[PDB]
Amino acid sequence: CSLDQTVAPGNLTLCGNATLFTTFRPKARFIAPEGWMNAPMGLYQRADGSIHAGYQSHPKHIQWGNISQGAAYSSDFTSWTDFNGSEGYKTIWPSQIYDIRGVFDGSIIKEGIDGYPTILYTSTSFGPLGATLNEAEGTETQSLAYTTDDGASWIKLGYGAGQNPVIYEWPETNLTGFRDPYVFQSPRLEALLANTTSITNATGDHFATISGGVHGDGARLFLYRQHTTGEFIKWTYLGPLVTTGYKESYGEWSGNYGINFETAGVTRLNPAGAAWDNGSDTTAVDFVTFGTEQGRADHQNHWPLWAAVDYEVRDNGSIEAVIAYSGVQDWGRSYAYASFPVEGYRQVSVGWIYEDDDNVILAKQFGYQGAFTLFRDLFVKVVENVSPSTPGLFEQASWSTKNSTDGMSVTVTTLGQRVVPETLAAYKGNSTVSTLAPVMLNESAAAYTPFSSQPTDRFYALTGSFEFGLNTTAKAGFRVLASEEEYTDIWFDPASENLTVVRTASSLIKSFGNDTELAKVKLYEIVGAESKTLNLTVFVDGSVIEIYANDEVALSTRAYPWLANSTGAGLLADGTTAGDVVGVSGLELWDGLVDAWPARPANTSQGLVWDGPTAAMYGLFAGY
């Protein structure tokens, strides 16, 4: 095992455990100290204003198992500190018959048991577990724990009748899944159900959704309501909130609804952020965010989706969320988005970016797997004065359209996503910022033009505004993590409406994934404009490439170039001519970003362990 990054990589499978720990590792984002991580969980803003973030964690292993809550906190979403207790950075772990198979995803009741922050989580026990298996009742239940020390530790309710688990009966037979309880308050749903509370007797101020589906018949999001305010044991099943068909797709802009939901949440937004009105705010929109499984050929069969919904009240005192329009939260290698309320009328969302090493070839050599996305403010994106000649505008696929009185302009509404401003300010202020001169890409443009200032390492951000002619057939974008021999190309092609990440040359190491990423982006053309504009921002963070377009489209992916000098960046141009010109302006490079874990040393590996021959006997976890 040579770690010489000035020559071609050897056979890196001969390298020892965690010998590649720092090589490709993100530094500017949320990531576990070591080992396996997946979904964010237990997210809440604490009483002191700081953010508590949990995550599905399996320390000292590089595959999933014994899944536990790891945790950390931050005053600004950006610089983090690990909890450190009797179980290291873990704060909840399998310990009881009802959760011994795994402490799955859960969410926070901020004023819960005895007034303390309380987590409702999926407690898993023995038996087949999965949407393509014959799962039985009891294997996935929902349980409570509360914290008296602001998340340093959690105390579970006792096992038994009238205690944990608190939700265990399946609401319908033959479920594909029954997990990821999302607890939320909703003046909107309270107002809608107020006339029906005699029917169900559920009058509490908290709601909870549970994610799943029905065998052969598509995904389901099940709605529960807390039975009585101030009491947390009894949750009354109302009915299915979202019902979709077996591998139903709303279309090209909307992924696929698969066979089963995971990590679903419910929110209400307006143009400024979170909306806490009862329906009276006409600018507010109800949204559901959700993962789907087995509706995709790649990306581990997973889509992270969202839908704008219109609520209808059923005669039995339940709510049907009718999908109005439907989109994608991130088009790349990310999943398990969780959102939570933040002071100042914000709803903040964060997901999990998985690696691109599906065959587990270098996972032990890394000594870790997984990271978070950046934290994102959600809001209703509104585009005014949209030209009706915008191609495809009235499909209304992942957006709504509203005509002006005279029919000559349109107001477009969709889900907005942007990186939280605390992170952008910290990144910029800690970086070496280079403000670059605008560039016209014409007949003289090379295929690749390096920026006049270059990154110094694999931790940087780029931004640029690309102005295209309305009938362009040119392509443009950014190349990142680039040397002569390795590079990753981010292209936008307005004629096809496709944002792609081409990774055929991303790395000399052939075991990592090299498939092309794709997102659809609609450039809403403005009345009177003779051009259309793509604002593209890219974060490069170790192996993470996280792309944002027009505060709307997100695409997270991975690139693992071997060579030490594969860090460069610049502009891409294809089919630009004297007549078909792409104007690039607002160009800026931020080199360095932020050290997101200042108390951590560079190498926080504690080694890896094997569970031994019993792992295969129990059959629950891979064991490593």
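In this text, residue numbers run from 1 along the sequence as written.
Higher mean CA temperature factor between 516 to 524 and 135 to 143: 516 to 524, per the PDB entry. Between the stretches 334 to 342 and 272 to 280, it is 272 to 280 that shows the larger average CA temperature factor. The PDB entry gives the largest Cα B-factor of the residues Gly54, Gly583, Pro26, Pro33 to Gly583.
Based on the entry's C-alpha B-factors, the most elevated value among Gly407, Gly102, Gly258, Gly327 belongs to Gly407. Per the PDB record, residue ranking by Cα B-factor puts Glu355 in the lowest third of the chain. Per the deposited record, the Cα B-factor of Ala39 falls in the lowest third when ranked against the other modelled residues of its chain.
Annotation for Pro598: C-alpha temperature factor in the lowest third relative to the rest of the modelled chain, per the entry. Sorting the modelled residues of the chain by their CA temperature factor places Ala615 in the lowest third. Ranked against the other modelled residues of its chain, the C-alpha B-factor of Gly575 as given in the entry falls in the highest third.
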